[PDB]
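Here's the letter readout for the chains.
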Amino acid sequence: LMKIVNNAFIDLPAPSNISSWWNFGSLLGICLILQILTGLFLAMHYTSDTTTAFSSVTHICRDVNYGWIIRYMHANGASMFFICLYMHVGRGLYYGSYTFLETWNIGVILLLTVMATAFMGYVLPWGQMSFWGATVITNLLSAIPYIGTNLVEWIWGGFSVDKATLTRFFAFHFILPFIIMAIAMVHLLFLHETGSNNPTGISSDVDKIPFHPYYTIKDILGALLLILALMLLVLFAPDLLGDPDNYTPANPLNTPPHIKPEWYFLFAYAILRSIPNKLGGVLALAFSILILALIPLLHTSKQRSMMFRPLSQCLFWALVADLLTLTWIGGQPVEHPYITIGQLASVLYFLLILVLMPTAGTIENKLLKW
Amino acid sequence: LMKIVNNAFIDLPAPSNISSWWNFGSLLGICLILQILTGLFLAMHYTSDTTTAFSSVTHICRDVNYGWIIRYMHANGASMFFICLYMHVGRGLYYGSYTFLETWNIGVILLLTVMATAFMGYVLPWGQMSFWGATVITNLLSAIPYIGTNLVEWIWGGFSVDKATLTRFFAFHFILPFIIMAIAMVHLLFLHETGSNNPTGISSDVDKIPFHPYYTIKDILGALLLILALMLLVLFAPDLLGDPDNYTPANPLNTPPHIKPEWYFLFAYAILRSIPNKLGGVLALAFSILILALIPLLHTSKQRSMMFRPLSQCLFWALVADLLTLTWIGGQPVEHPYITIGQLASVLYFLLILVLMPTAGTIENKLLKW
Amino acid sequence: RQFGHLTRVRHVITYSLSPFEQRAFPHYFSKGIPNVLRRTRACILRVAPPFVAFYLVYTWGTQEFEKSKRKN
Amino acid sequence: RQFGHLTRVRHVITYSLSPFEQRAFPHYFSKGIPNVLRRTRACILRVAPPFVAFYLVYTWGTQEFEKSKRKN
Amino acid sequence: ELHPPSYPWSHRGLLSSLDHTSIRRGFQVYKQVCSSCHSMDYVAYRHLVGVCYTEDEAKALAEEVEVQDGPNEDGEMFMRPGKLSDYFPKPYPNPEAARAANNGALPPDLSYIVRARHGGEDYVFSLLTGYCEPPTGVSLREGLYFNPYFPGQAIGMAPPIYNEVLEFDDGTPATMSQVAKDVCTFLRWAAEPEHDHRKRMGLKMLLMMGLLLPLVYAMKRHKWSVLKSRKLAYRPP
Amino acid sequence: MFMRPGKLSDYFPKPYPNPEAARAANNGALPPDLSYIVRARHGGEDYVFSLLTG
Amino acid sequence: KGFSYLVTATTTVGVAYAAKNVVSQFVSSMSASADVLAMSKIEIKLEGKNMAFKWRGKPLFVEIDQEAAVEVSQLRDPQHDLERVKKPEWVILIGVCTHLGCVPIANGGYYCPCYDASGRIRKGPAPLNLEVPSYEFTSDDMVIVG
Amino acid sequence: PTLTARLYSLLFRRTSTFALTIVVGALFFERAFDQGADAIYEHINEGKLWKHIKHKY
Ligand code: HEC
Ligand code: HEC
Ligand code: HEM
Ligand code: HEM
Ligand code: HEM
Ligand code: HEM
Ligand SMILES: COc1ccc2c(O)c(C)c(-c3cncc(-c4ccc(OC(F)(F)F)cc4)c3)nc2c1
Ligand SMILES: COc1ccc2c(O)c(C)c(-c3cncc(-c4ccc(OC(F)(F)F)cc4)c3)nc2c1
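Analysis parameters
- Residues numbered from 1 in each chain as written, not as in the entry; some residues may be left out.
- Chains lettered and ligands numbered in written order.
- Part of a larger assembly, values for the part shown.
- Heavy atoms only, no water.
- Residues with missing side-chain atoms left out of burial classes, pairs and counts.
- Donors = N, O, S within 2.8 Å, 3.2 Å for Na, K, Ca; no water.
- Tetrahedral: all angles 85-135°; square planar, octahedral: opposite > 155°, others 65-115°.
- Helix = DSSP H or I, 4+ residues; strand = E, 2+ residues; numbered from the N terminus.
- Buried < 20%, exposed > 50% of the residue type's maximum accessible area, 1.4 Å probe, protein only.
- Contact = heavy atoms within 4.5 Å.
- Bend = angle between axes of the 7 residues up to and from the residue.
- 1 Å grid on protein atoms, 1.4 Å probe; cavity = no way out; pocket = protein on both sides within 12 Å on 5 of 7 lines; lining within 4 Å.
- Points joined across faces, edges and corners; volume = space filled by probe spheres on them.
- Nonpolar A, V, L, I, M, F, W, Y, C, P; charged D, E, K, R; others polar.
- Pairing = 2+ DSSP bridges.
- Buried area = accessible area lost by both parts, 1.4 Å probe.
- Salt bridge = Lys/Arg side-chain N within 4 Å of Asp/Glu carboxyl O.
- Near = heavy atom within 4 Å.
- Polar contact = N/O pair within 3.5 Å; in protein donor to acceptor, adjacent residues only side chain to side chain.
- Sits in = over half its atoms within 2 Å of the grid points.

Draft legend 1. How the structure looks around the coordination of the iron atom of ligand 3. Residues and elements named next belong to chain A. Around the iron atom of ligand 3, the protein contributes the donor atoms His 74 (NE2) and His 173 (NE2), which lie 2.6 to 2.8 Å from the metal centre. For the iron atom of ligand 3, the six donor atoms in the first shell make angles of 58 to 161° at the metal, a pattern classed as irregular. In this pair, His 74 is assigned in helix 3 (residues 67-94) and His 173 in helix 8 (residues 163-173), connecting sequence segments 99 residues apart. The same class applies to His 74 as to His 173, namely buried.

Right, here's the structure in full:
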């Protein structure tokens, strides 16, 4: 009598109209379980020490029987694991699922719990962009008054990134996914009290359907296509999203030309490089994420979806462009054309979310005599 | 609306008479959570490579701020974690809780899942008894026909215990406890369908009581005493249950005089050294554990407890002596007095469980005109 | 929650066939295609223009970035 | 499961006090002690003898183990 | 074999600490006798600070021995005076040279020797202080000597100590026993430097646990008191 | 420690014992390793051929 | 009441004592070990040249009239030369940029692709000039940083 | 009345006030206990610890 719990996988009421956008919730359940198996088999041959880590990856990629595929099913198994989110989130914002506050506020807590885990995971190969990535990004906490000089040295276990900084990331990294797996079952738990949303935003109690033959096979399809776009990168462009300077071991006395995190952080980084004031830059960085927790308190339209909200559609897809911009600016260096652009886009990100998109639904209500 | 699940911790029906013996179920919940925090902080300073592991423990025990306490709250945090089991099991056998088959068969699966984890965990310091422990004990699978020469080399990742044998244990070790934590919540789940047993073996639906003020504070007491007997060893006899040859680094070309696992396996080991035939020794070893899954199919008395079964009491406490014997013989060398004893005790272990104890309740039924 | 008492419905009828008795690809090209174009024109003017705007600021920013690094 | 319908009970009475109105250690030595000895004698003959037997085979096996290693 | 005897060491007490003054003497032994033939890889001159030597005294000893450090800008490696961060200098470059220099025998490290030998420091004092001629019927090969406190009673460890084998700084008479006492005290610090700080927590614990155990035991028999005192009756119609 | 003929398990012999000797033998400059040079430089092998041939 | 509530209160005191310690033990574990703290302080050292040396896993860098001739006010970060050095022929500076953490190249002063020979800044994105550690000269040849 | 009754009326009645006692108690307890504990240990191990001999060097 576990399998009363499998009714959430078999006899679960679910709507009928939901298109591919909802599959991205399940796929994380695959990427996560996929990534754990791969990263585990990397642990068998990884060493957490600085004199042996970078080589340890080589032991995998060279001497091991198919050790190399696992590295790239796993690194790029994180990249695809964030294409899935950002679309899994955009659904929740565009189709207005954030009214399930209990889930959404936990959706945030999964995001942060992850997007620090990749940061730790990117260190472990112990190359330049690994080291220098962590060197820059930890120092941002130094901007805080009265604490930062103490907290950063504590996280480092010293006065600069070194051995004990590495070894603890490996332990903070190879644990949190087992904490993330818990919060997912939690995250679903509050969802299975309410049942999922549809493109319309309307109560779908009338046209529910089971889950066992219909969405299962739909998830088998959607999972299959995911394994394509992953393995293509593994089998046709593995260094694509990477950064080749990583394949030089760490040299703390030789700074690389372009320091940057990987593509999935960069929109955050561009916001930071926009502001000259260091501390004020930080609170913008953390706020670019946490602002998701301010969305439902800024809901204004008496409708839920955006299939039936024209002005918000135009603003929504504008926000996506602002993101894509910030992804691009962060990857590119800091000069007078790109500085100016990076400033404008960052202002749009906060402006568009807080002001226009609420303002729209207010206007949209007025046209409908509300 | 998680906290409907906390009704298993607050408003749970529980009997009224249950003495200390049941606390040992909860304490594992403390040791486990305790041990995970400690072993984690050991991961921050441990290195999984052979040229650096043994020193890595020294980095902890010497240079780290209170790194040393954590090693001994953790090693001996495994010893106490098996005093708790063997009493947590003996309850289940003496008070006859094994009628909850769904839990018991999972109680076994927790035991094995653990008692291999300590084996892996004892390797990681990379000393003599660590290495030679793993060298002897893996070879036992070589006794199996047509597989063992292939399987053992696979587990080793080579042809003898070496680097890749170590690094994978560290990953098989620092994961399973997060799997054990799952099975516990499972293990309870089938228990909270039935509610716990009492010393009498009688249905206690009439004299149930809540759990929030009564057993909570009882578990706070029982937990406190546990932290005593742990920290005493840490603060008054840390090398007690240890084995000092471990504090010599591994030397595969220098066999120690006394090879043995630690105290908590030894009764298993004595059974093995008893039998000269190698393979036949193995199937006795695994059967000394798995025999727990044959208990309920050997229940014969129409009663449940053993407070009201005199003959089974005398046989039960005899079984304990046979165990304590096997714990002692395994730690001691192999010579003509101890060989003879180790044979007799091992026969009693299987004989007493399979024959006498069932036979008793049959007789006990006859006296009661059943 | 479960089926059976989710809400209340009255005087509603559903008809359905067995999948073994109907094609899985009926009018897949014959009718599906214009639905896509219909599904396309219905929304494309709301998706395109910010990304259209992106491609321009991408190039203009790129070229101006180049020109900045060249010389007097 | 929960309280309320676990089973059926009839014509049974319970009396109880408030813990703030009664001692926590009543007759702790005066009455508790002989209960222990009563609780002891009731069971001790069933717990002792195998462990009594253990202590003997421990010594006899120990001494015989010693004597084996000495000489002719 | 021979079970060594147990002694009234000063630190045998559950709250007794080490004679730090004796640890000072014990280091002088290892340094003038054993440091030429035994390694101690897992200790630094800084660990001696605040225990048996101070900062400056240990720092002076760091500057007595030369240590191989520093890839020169020319691309070579040189020797410098040691510092406090430096570990105890290994006498030999590799164990084979040791087996070469001791008739195939291996001087063991001594970081953990106390806690790597049954009996502990009691063994070691009896070991050094147990040398004697072999009994009749017994004969050993050249290089190896007799000592009852070893398996097989045959070791390469020639007499390291004896009366006035060295001199102490505090004016102590350097009897073979006085020497072997202090060194074993030092090694117990090496294998367990937490010893002196272990017990202080052991003291803090028992005083707290002396309090929390009865108090918690009261709240238990406060809350359970309802049930230890309840009563029942049976009033059918 | 002595010298022997290499075997197959042996890795490619390092020309220099340490990078400082390299900086010493090349006017402070460091010849980089070449295990990952293709995948450690933007443009890849196209860069390298143009580099030597440029 | 006050008697019974005193039992739990005094108990709570003893808990929080222990709970303060073990946490402080653990958090102290994650802080810098003894090994790092030694190397963090002990930094011994020995014309017209500058060398990049390691210290705390960071770079450490080690004409006079010319640098003195450079005006103080014209710097974005006005500082006199001897305000940055204890002796004029020893420039001890730290290869970390105050704009964002990056290393400048040595040598006619510095350049960062992410200053003068004295360490002060002239042109560029750098908000502040090179920082000077707390050091001392024990002899005419030996130097101790921090 | 007794002291126990006075303590309850002022401190253990309000759970807000109650908690502040416990923190206040911990501070003076943390101070007092450590001083007394060390004194015993030193008294047992008098003349054996570093500071007891440090003055000589
Ligand atoms: C003359 C060189 C030499 C000196 C001086 C010396 N040792 Fe020994 N020691 C050895 C050698 C060689 C062995 C190897 C014994 C063997 O292989 O059986 C040994 C063995 C030992 C053993 C026994 C190891 C065991 O497993 O039983 C101890 C303990 C020890 N050394 C420590 C010491 C102590 C204590 C001293 C005096 C304070 C000392 N060393 C001085 C050379 C030396
Ligand atoms: C005469 C010694 C010498 C030989 C022969 C030599 N190299 Fe170089 N190489 C160097 C040195 C020294 C550098 C350092 C360049 C620098 O520091 O800017 C260098 C730089 C390089 C670079 C560029 C590194 C970068 O980051 O841009 C590559 C690629 C390279 N070496 C590979 C090669 C190739 C390819 C060849 C010919 C097949 C070769 N080496 C032969 C000495 C040599
Ligand atoms: C759950 C969120 C996770 C994210 C976002 C993430 C992300 C990453 C990334 C991007 C890398 C860089 C790899 C490379 O550049 O080659 C990495 C490395 C690594 N990851 Fe993951 N990872 C996650 C989970 C895991 C898990 C569950 C494991 C193990 C079970 C794991 C094990 C490792 C290891 C050992 C490395 C270093 C080895 C290497 O990079 O070659 N990670 N992680
Ligand atoms: C490890 C990370 C995650 C896991 C395992 C996970 C899992 C799931 C799954 C399987 C679903 C059901 C499918 C669906 O409704 O799309 C879901 C729903 C949802 N997720 Fe997550 N998700 C994760 C991340 C996130 C994040 C980062 C957010 C928000 C920032 C989020 C917000 C939501 C919301 C609002 C829903 C319900 C929306 C609806 O039903 O209409 N999730 N999640
Ligand atoms: C759950 C069942 C576990 C058992 C039975 C167990 C048992 C052991 C034992 C006996 C040792 C030997 C330590 C020593 O001799 O000093 C050990 C080592 C170790 N354990 Fe555990 N352990 C368990 C869980 C864990 C967990 C949960 C972690 C981390 C979260 C962990 C991390 C480690 C590490 C890193 C070592 C090697 C470091 C060292 O031994 O000093 N173990 N384990
Ligand atoms: C990680 C290992 C374990 C955990 C976390 C765990 C946890 C618990 C807890 C909290 C209870 C309730 C308290 C109690 O009934 O005593 C329980 C009950 C029980 N356990 Fe486990 N236990 C573990 C190991 C085992 C093992 C090894 C066995 C059997 C070989 C076992 C068999 C049982 C049984 C039969 C019960 C219910 C007995 C009854 O209620 O009368 N458990 N377990
Ligand atoms: C209607 O929308 C929903 C609503 C509720 C959902 C839910 O409660 C869960 C647990 C999941 C889910 C989460 N992880 C993984 C899977 C999965 C599906 C197919 C697989 O099979 C294979 F083909 F191998 F991928 C393997 C894993 C499903 N999806 C939900 C989708
Ligand atoms: C009536 O018998 C039962 C019946 C059912 C039980 C059950 O379902 C659970 C989950 C548990 C339990 C499992 N792990 C840990 C604890 C725990 C208790 C006090 C703590 O508090 C502190 F003082 F810190 F130890 C900390 C943890 C309890 N005990 C059960 C005992």
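Here the narrative resumes, following the displayed structure.
Draft legend 2. Structural view of the arrangement of the chains. Across the 13 pairs of chains that are in contact, the largest number of contacts falls between chains B and E. Nowhere do chain A and chain D come into contact; their C-alpha atoms are at least 14 Å apart. At their nearest point, the C-alpha atoms of chain F and chain H are still 43 Å apart, with no contact between the two.

Draft legend 3. Geometry of helix 14 (residues 336-367) of chain A. Of all the bends in helix 14 of chain A, the greatest, near 50°, is centred on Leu 352 of chain A. Count one or two residues on from helix 14 of chain A and you reach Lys 369 of chain A, which has phi positive near 65°.

Draft legend 4. Here's a closer look at empty space enclosed by the protein. Residue and element names in this part refer to chain A. Taken as a whole, the largest cavity encloses approximately 960 Å³ of empty space. Among the elements of the structure, helix 1 (23-43), helix 2 (53-63), helix 3, helix 5 (117-123), helix 8 and helix 9 (176-191) are those that each provide at least two residues to the lining of the largest cavity. Here the residues of the lining of the largest cavity are counted per class, giving 29 nonpolar, ten polar and four charged.

Draft legend 5. Spotlight on the pairing of strand 2 (residues 52-55) of chain G. Residue and element names in this part refer to chain G. Across four bridges, strand 2 lies against strand 3 (residues 58-61) in antiparallel orientation. Counterpart to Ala 52 in the pairing with strand 3 is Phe 61. Counting the residues between successive antiparallel strands, the hairpin from strand 2 to strand 3 contains two residues, one of them, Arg 56, with a positive phi of roughly 55°.

Draft legend 6. Looking closely at the interface of chain E and chain G. Listed per partner, the contact involves 14 residues of chain E and 14 residues of chain G. Interface area for chain E against chain G, summed over the two sides, is near 1,100 Å², with a carbon-plus-sulfur share of 72%. For the pair chain E and chain G, the number of links is one salt bridge. Broken down by class, the residue content of the side of chain E that touches chain G amounts to nine nonpolar, two polar and three charged.

Draft legend 7. Summary view of the site of ligand 3. Residue and element names in this part refer to chain A. In the vicinity of ligand 3 lie 21 residues, with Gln 35, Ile 36, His 74, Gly 121 and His 173 positioned nearest. Here a nitrogen atom of ligand 3 and a side-chain polar atom of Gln 35 are 3.0 Å apart. Taking a 2 Å distance to the grid points as the criterion, the majority of the atoms of ligand 3 fall inside the largest cavity. Of all the secondary-structure elements, those providing two or more residues to the shell around ligand 3 are helix 1, helix 3, helix 5 and helix 8. Within the shell around ligand 3, the residues separate by chemical class into 14 nonpolar, six polar and one charged.

Draft legend 8. Inspection of the coordination of the iron atom of ligand 6 at higher detail. Residues and elements named next belong to chain B. Distances from the iron atom of ligand 6 to its protein donors, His 88 (NE2) and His 187 (NE2), fall at 2.7 to 2.8 Å. Between the six donor atoms coordinating the iron atom of ligand 6, the angles at the centre fall across 63 to 170°, so the site counts as irregular. In this pair, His 88 sits in helix 3 (residues 67-94) while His 187 sits in helix 9 (residues 176-191), placing the two residues 99 residues apart along the sequence. Since its relative accessible area comes to 19%, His 187 is described here as buried.

Draft legend 9. The arrangement of the site of ligand 1 in detail. All names here are of chain E. Surrounding ligand 1, one finds 18 residues, the nearest of these being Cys 34, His 38, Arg 117, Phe 150 and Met 157. In this structure, a nitrogen atom belonging to ligand 1 sits 2.3 Å away from a side-chain N or O atom of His 38. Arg 117 has a polar side-chain atom sitting 2.5 Å from an oxygen atom of ligand 1. Contributions of two or more residues to the shell around ligand 1 are made by helix 1 (20-34) and helix 4 (121-128). Its residues assigned to classes, the shell around ligand 1 comprises 15 nonpolar, two polar and one charged.

Draft legend 10. The arrangement of the pattern of salt bridges in detail. One pass over the full model with this rule turns up 35 salt bridges over all chains. Its salt-bridge partner being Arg 115 of chain E, residue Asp 239 of chain B comes within 2.6 Å of it at the nearest N-O pair. A residue pair is termed interchain when its members come from two chains, as with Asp 239 of chain B in the loop between helix 10 (215-236) and helix 11 (266-274) and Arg 115 of chain E in the loop between helix 3 (95-101) and helix 4. Exposure remark for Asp 239 of chain B: the relative accessible area of 32% places this residue in the partly exposed category. Here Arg 115 of chain E falls in the buried class, since its relative accessible area comes to 8%. Put simply, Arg 115 of chain E and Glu 194 of chain E hold a salt bridge, and the shortest N to O gap is 3.4 Å. Here the residue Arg 115 of chain E occupies a position in the loop between helix 3 and helix 4, and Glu 194 of chain E occupies one in the loop between helix 5 (176-191) and helix 6 (195-223), the gap between them amounting to 79 residues. Linked by salt bridges that have partners in common, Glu 121, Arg 188, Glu 192 and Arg 198 of chain E make up one network.

Draft legend 11. The sheet that holds strand 3 of chain G, seen in detail. All names here are of chain G. Spatially, 2-3-4 is the arrangement adopted by the three strands of the open sheet, whose pairing is antiparallel. For this open sheet the edge positions go to strand 2 and strand 4 (93-94), each flanked by a neighbour on one side alone. When strand 3 meets strand 4, the two strands line up antiparallel, connected through two bridges. Each bridged residue has a counterpart across the sheet, and for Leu 60 the counterpart in strand 4 is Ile 94.

Draft legend 12. Broad picture of unusual backbone geometry. We note that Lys 369 of chain B has phi near 65°; this positive angle belongs to a residue other than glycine. Structurally, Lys 369 of chain B can be placed in the segment after helix 14 (336-367). A relative accessible area of 79% places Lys 369 of chain B in the exposed class. The phi dihedral of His 11 of chain C falls on the positive side, at around 60°, and the residue is not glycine. Relative to the helices and strands, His 11 of chain C is located in the segment before helix 1 (32-41). Assessed through its relative accessible area of 77%, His 11 of chain C is described here as exposed.

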